[PDB]
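Listed here are the chains, written in short residue letters.
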Amino acid sequence: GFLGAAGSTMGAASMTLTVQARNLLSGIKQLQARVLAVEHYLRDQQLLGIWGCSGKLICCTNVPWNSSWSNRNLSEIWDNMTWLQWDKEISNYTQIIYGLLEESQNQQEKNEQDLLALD
Amino acid sequence: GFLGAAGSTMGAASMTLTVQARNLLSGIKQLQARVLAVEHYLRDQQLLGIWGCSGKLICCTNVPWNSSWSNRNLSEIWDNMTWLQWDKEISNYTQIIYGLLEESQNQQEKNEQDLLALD
Amino acid sequence: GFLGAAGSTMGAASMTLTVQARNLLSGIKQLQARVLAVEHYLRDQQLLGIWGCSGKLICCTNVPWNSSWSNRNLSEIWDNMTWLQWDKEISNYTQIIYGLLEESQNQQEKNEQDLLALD
Amino acid sequence: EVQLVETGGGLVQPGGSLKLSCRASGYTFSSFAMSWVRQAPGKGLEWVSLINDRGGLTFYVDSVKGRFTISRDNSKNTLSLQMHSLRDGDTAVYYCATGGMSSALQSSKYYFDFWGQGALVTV
Amino acid sequence: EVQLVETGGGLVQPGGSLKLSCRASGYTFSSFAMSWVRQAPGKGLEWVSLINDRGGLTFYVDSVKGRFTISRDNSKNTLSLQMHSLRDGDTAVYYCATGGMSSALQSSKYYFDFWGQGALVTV
Amino acid sequence: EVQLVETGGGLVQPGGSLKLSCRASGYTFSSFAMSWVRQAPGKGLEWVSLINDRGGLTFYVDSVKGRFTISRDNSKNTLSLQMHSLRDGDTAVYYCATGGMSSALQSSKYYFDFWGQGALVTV
Amino acid sequence: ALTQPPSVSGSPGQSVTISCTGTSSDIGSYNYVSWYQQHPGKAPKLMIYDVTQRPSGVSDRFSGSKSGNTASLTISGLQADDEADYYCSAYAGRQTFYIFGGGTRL
Amino acid sequence: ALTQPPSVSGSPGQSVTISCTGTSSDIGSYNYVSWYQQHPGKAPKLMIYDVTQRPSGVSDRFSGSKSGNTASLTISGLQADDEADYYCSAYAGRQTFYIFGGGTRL
Amino acid sequence: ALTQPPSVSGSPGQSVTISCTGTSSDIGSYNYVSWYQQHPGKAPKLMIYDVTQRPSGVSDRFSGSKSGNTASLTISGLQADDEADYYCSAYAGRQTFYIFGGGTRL
Ligand SMILES: *[C@@H]1O[C@H](CO)[C@@H](O)[C@H](O)[C@H]1NC(C)=O
Ligand SMILES: *[C@@H]1O[C@H](CO)[C@@H](O)[C@H](O)[C@H]1NC(C)=O
Ligand SMILES: *[C@@H]1O[C@H](CO)[C@@H](O)[C@H](O)[C@H]1NC(C)=O
Ligand SMILES: *[C@@H]1O[C@H](CO)[C@@H](O)[C@H](O)[C@H]1NC(C)=O
Ligand SMILES: *[C@@H]1O[C@H](CO)[C@@H](O)[C@H](O)[C@H]1NC(C)=O
Ligand SMILES: *[C@@H]1O[C@H](CO)[C@@H](O)[C@H](O)[C@H]1NC(C)=O
Ligand SMILES: *[C@@H]1O[C@H](CO)[C@@H](O)[C@H](O)[C@H]1NC(C)=O
Ligand SMILES: *[C@@H]1O[C@H](CO)[C@@H](O)[C@H](O)[C@H]1NC(C)=O
Ligand SMILES: *[C@@H]1O[C@H](CO)[C@@H](O)[C@H](O)[C@H]1NC(C)=O
Ligand SMILES: *[C@@H]1O[C@H](CO)[C@@H](O)[C@H](O)[C@H]1NC(C)=O
Ligand SMILES: *[C@@H]1O[C@H](CO)[C@@H](O)[C@H](O)[C@H]1NC(C)=O
Ligand SMILES: *[C@@H]1O[C@H](CO)[C@@H](O)[C@H](O)[C@H]1NC(C)=O
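Residues numbered from 1 in each chain as written, not as in the entry; some residues may be left out. Chains lettered and ligands numbered in written order. Part of a larger assembly, values for the part shown. Heavy atoms only, no water.

In the PDB header, cryo-EM is given as the technique by which the entry was determined, and 4.1 Å as its resolution.

What about the overall build of chain D?
Assigned secondary structure in chain D consists of zero helices and ten strands. Listing every helix and strand of chain D by position from the N terminus yields β-β-β-β-β-β-β-β-β-β. For chain D, whose C-alpha radius of gyration is 14 Å, the value lies close to the compact-globule estimate of 14 Å for 123 residues. For chain D, the spread of C-alpha atoms along the principal axes amounts to about 40 × 30 × 25 Å. Out of the 123 residues in chain D, the part that is buried amounts to 49%. Within chain D, contacts between residues at least 6 apart in sequence are counted, and of these 56% link residues at least 24 apart. Seen as two clouds, the 11 positive and the 9 negative side-chain charges of chain D have centres 5 Å apart. (Helix = DSSP H or I, 4+ residues; strand = E, 2+ residues; numbered from the N terminus. Rg over C-alpha atoms; globule rule 2.2 N^0.38 Å. Buried < 20%, exposed > 50% of the residue type's maximum accessible area, 1.4 Å probe, protein only. Contact = heavy atoms within 4.5 Å. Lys, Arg positive; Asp, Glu negative; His and termini not counted. Charge placed at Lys NZ, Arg CZ, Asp CG, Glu CD.)

What about the packing of helix α3 (residues 28-50) of chain B against helix α3 (residues 28-50) of chain C?
It is at 11 Å that the axes of α3 of chain B and α3 of chain C come closest, and there the two elements cross at 30 degrees. In this view, α3 of chain B runs roughly parallel relative to α3 of chain C, as classed from their interaxial angle. Considering how the two elements wind past one another, α3 of chain B and α3 of chain C form a crossing that is left-handed. In this structure, α3 of chain B uses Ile28, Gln30, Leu31, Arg34, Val35, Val38, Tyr41 and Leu42 of chain B to contact α3 of chain C, whose residues at the interface are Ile28, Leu31, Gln32, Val35, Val38, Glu39, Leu42 and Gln46 of chain C. Tallied by class, residues from the contact of α3 of chain B with α3 of chain C come to eleven nonpolar, three polar and two charged. (Axes fitted to C-alpha atoms, helices over the stretch in contact; angles between N-to-C directions. Parallel < 35°, antiparallel > 145°, perpendicular 65-115°, else oblique. Left-handed = near helix turned anticlockwise from the far one by under 90°. Nonpolar A, V, L, I, M, F, W, Y, C, P; charged D, E, K, R; others polar.)

Section: empty space enclosed by the protein
Considering only enclosed or pocket space, the largest cavity measures out at about 70 Å³ in volume. Lining the largest cavity we find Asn106, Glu109 and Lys110 of chain A together with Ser14, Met15, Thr16, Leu17, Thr18, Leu57 and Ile58 of chain C. Put simply, the parts of the chain that give the lining of the largest cavity at least two residues each are α6 (94-116) of chain A together with α2 (17-22) of chain C. If one sorts the elements of the lining of the largest cavity by residue count, α6 of chain A sits on top with three residues. Its residues assigned to classes, the lining of the largest cavity comprises four nonpolar, four polar and two charged. Lining the second largest cavity, in full, are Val35 and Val38 of chain A, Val35 and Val38 of chain B together with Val35 and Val38 of chain C. Broken down by secondary-structure element, the contributors of at least two residues to the lining of the second largest cavity are α3 (28-50) of chain A, α3 of chain B together with α3 of chain C. Here the residues of the lining of the second largest cavity are counted per class, giving six nonpolar, no polar and no charged. (1 Å grid on protein atoms, 1.4 Å probe; cavity = no way out; pocket = protein on both sides within 12 Å on 5 of 7 lines; lining within 4 Å. Points joined across faces, edges and corners; volume = space filled by probe spheres on them.)

So this is what it looks like as structure tokens:
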């Protein structure tokens, strides 16, 4: 169900990403609303693209966790906290993580280009 | 040409997917038509995404053929039937196949996350 | 900054692609303008898709350089030219390169499918 | 408390097959990764195979990759090991154990935290 | 039904290069994969190389990969094998054969069916 | 003119650690990829390790890959090689050299263009 | 390589089995074991493909079999024109495509 | 494989150590070295994990450490009830998941 | 690896050649065979790069050549003051980057 896992723990909720992905695409003001929904979707897809995640729903990266963003251990984060609480907890760090992801992907792509250049 | 292979066999038609795909993007009512066409395009792109097929036109998957959907042999399906006949042949199974593809990709991504975790 | 490298050499300018990529997305005619911007973005993303580059800013292919399109060496092209000058010098060849890229991706996809078919 | 009990067959001949099965209790079976290890009378401990918490991923030592299969039934809380050929060098007491791997949402393990009683496989 | 005819050289000095060319009737080359398989002068058959129906993919045994190249021209209905370095362990009767693989739109063959009469290459 | 000056310790016990640092002048350091090579006192010269112009990619000879690290700082115009677990066979004069690689945008080289004086490392 | 008996001794009215043994991984994994009949002085002719399949032009007296890491060709009703060198061949995967044995003279 | 001494011993109440030596690549790179205490007639019981971490239900006198390409288990205050075969185990990467030594008898 | 003669000789003003050979894969696959002149006590300096191209600062006496899997350096008009330990080097692909031969004396 849509948002059915919203109250579930982050671990359990990670198994329903395709429900949200499928459902998010489900007088002039109505056409404006549809166009804006499309623009938000495309901006999110572009943001995943620039990070090098392509179409993956769970994208693992090369950016280390700083521990200043949140000092909780992995078990506490995934088993005893929801995505709403987690998202609020790190709302002040999201743009820093996004910048680091873009820089990491740019370095990865340049490194791949140079490796491919080797005969 | 666009749909030029529509009457050809499935094998031959598989070599013309690029022209048909490129022509999918090509007062208030026409703007609504453009938005609807974009929404349908993005629905198809998202369906490919959740299956892990966003990066290519021909995407092989890990879901086996049930054989209850159609018991025709491979040669019959690709060399004798057209794509319209094939669409009719399995029109009753699309909602099952798509769900299985979704589950398969979800398991594949989780397996990739577990494999990446190995030191 | 956005287009800050426009006057820079091609080599240095290749490191700023992220900014323009993010800046491509950022009353009937305002909605029409947004729809047209979306259509152009999607045409470019589909064109990268058919080339197998949907997830990358920089991607290499197997299509060789003709050398008739431009006989400059890599040092001259990347260090002594701007992207505007380069775009002007190959304005008569761009669609030929695009066609060759599409054919190359089709051959790569068919060859990949056949390699995957082997047990 | 936590219990893990090895069961299965006894005497085998070269070229045959043998299925071993471990019953777990006292914890959530699907929450832990598991493995099969063996102790021969003339050897020390060695690892044979590793299975994830879901069961989708399996790993084996090179010496058995072409013969052994590790699998799990989460609904029955039962771990299974199917072996073939059963060479004279494979005679040992076999054990199953919890730990040794983690889903990447749980902390790192790489250790065998709980060991069963063991069962003797004699060729 | 199908006839395969091979044209090529005979005795050549070590260190040179040869091209063995197979022409055929009874089928279109673009519809079938083809291979080169050789008869050791005093023993049996050994597969040398395999090329896909379209010619995009080529496969070799490791002992020949550095010396032999398999190439296809569907418009000329011509298959060819170019051999370099000419190690004197390459003496054999080289046969042209169809099959060995498919393109996944036809049931996989994984065997050879039609054979030519071969050509004896000596060094 | 281009100058490369190696500075580092010349005597270590087996199993120790040494960092050899090459200072560059006369050219834009960040514009070239560069490497470390070595020559035993009585033998020829061999390549040891290669680093990309940006430092993102490093390559080593397999016999040293597990114990040597090549790194650079473009802002300090400094190249360094950190050597650990040195074996008796690592006694040699090491040289800093610029060339051997191009980061795709510039023409290829695959040669060592500029050479330093070298430094003797005794194990 | 695959093993194969250097020769067998057939006779009218009897059945003959030509064995072939290879690596258990390649034979067990890839159930694509074919047999060819190579008449002296002539190119090999395909006689059997797959474990139990037969091509057109070959009568039912030729039949393949597979078990474990072994395979065989069984021929009954031996004719004078059947005295030839038989070969087995099997698929080995992507790194090596085919493994061949030696010839068995009837 | 890992190398352990065949046996160690000491007076009751004495502190002793058991060494474990493996290849420097796997022990150095991977900080996942554990020790198990296997009493005769019983299955091995985990005593030391993560080089210096103790599971619950385990005596505080049991400890361990890592250095270079080796690791050790330290048992302070030896009791008569501590007679067991001690084994070391370490993670060896993706190609080899675990490497083990032989038993050390007290 | 690469094989290079330990020494060559000739009178002043004469043309001499130094050969460089090795496995056919490493030389035949990549056309990047360089030569260096290492005077005793000095670091090597580039003499030839690529199959034939000369760097700035090197006189016309030094010229490279390649045929098959054999490369050579020709020194025309050889001077007495040119004596040095000469080395050949070549690109060996992605797994092995560079291979060097032995030194040639004059
Ligand atoms: C909600 O909390 C209860 C408390 O035990 C738990 O049993 C239940 O599974 C939780 N459900 C979700 C969706 O978090
Ligand atoms: C981690 O946070 C601290 C807090 O100031 C900061 O100084 C440091 O640079 C951060 N590191 C990374 C990698 O973001
Ligand atoms: C996580 O941190 C909390 C904070 O008190 C602690 O109680 C808990 O045991 C920790 N868990 C792990 C696995 O470290
Ligand atoms: C984020 O900033 C707000 C103020 O803008 C502050 O109240 C809040 O505590 C901050 N949270 C973190 C995690 O820094
Ligand atoms: C229609 O069928 C004929 C029958 O041979 C075939 O030649 C023709 O190509 C088919 N049409 C298309 C568009 O493939
Ligand atoms: C084929 O479909 C039927 C539908 O009821 C299902 O029961 C059966 O298990 C399927 N077989 C396979 C191999 O998927
Ligand atoms: C495949 O189906 C077609 C349909 O007529 C039939 O002619 C052909 O013989 C079938 N082949 C096999 C192998 O079943
Ligand atoms: C689909 O189902 C209907 C009945 O629900 C049936 O009449 C029709 O033939 C089916 N079509 C296919 C292609 O299975
Ligand atoms: C502009 O030209 C000057 C000429 O000296 C040069 O130094 C500078 O780097 C150039 N900048 C760009 C962005 O091209
Ligand atoms: C380069 O372009 C010319 C233009 O006619 C063409 O004839 C030639 O074949 C091309 N060469 C390559 C290698 O593409
Ligand atoms: C590139 O070409 C120009 C002339 O077109 C020439 O002056 C320059 O030296 C060349 N550079 C290289 C590296 O070949
Ligand atoms: C493209 O063609 C036009 C035709 O007149 C010509 O004027 C122009 O210079 C050409 N440009 C290039 C880059 O070939």
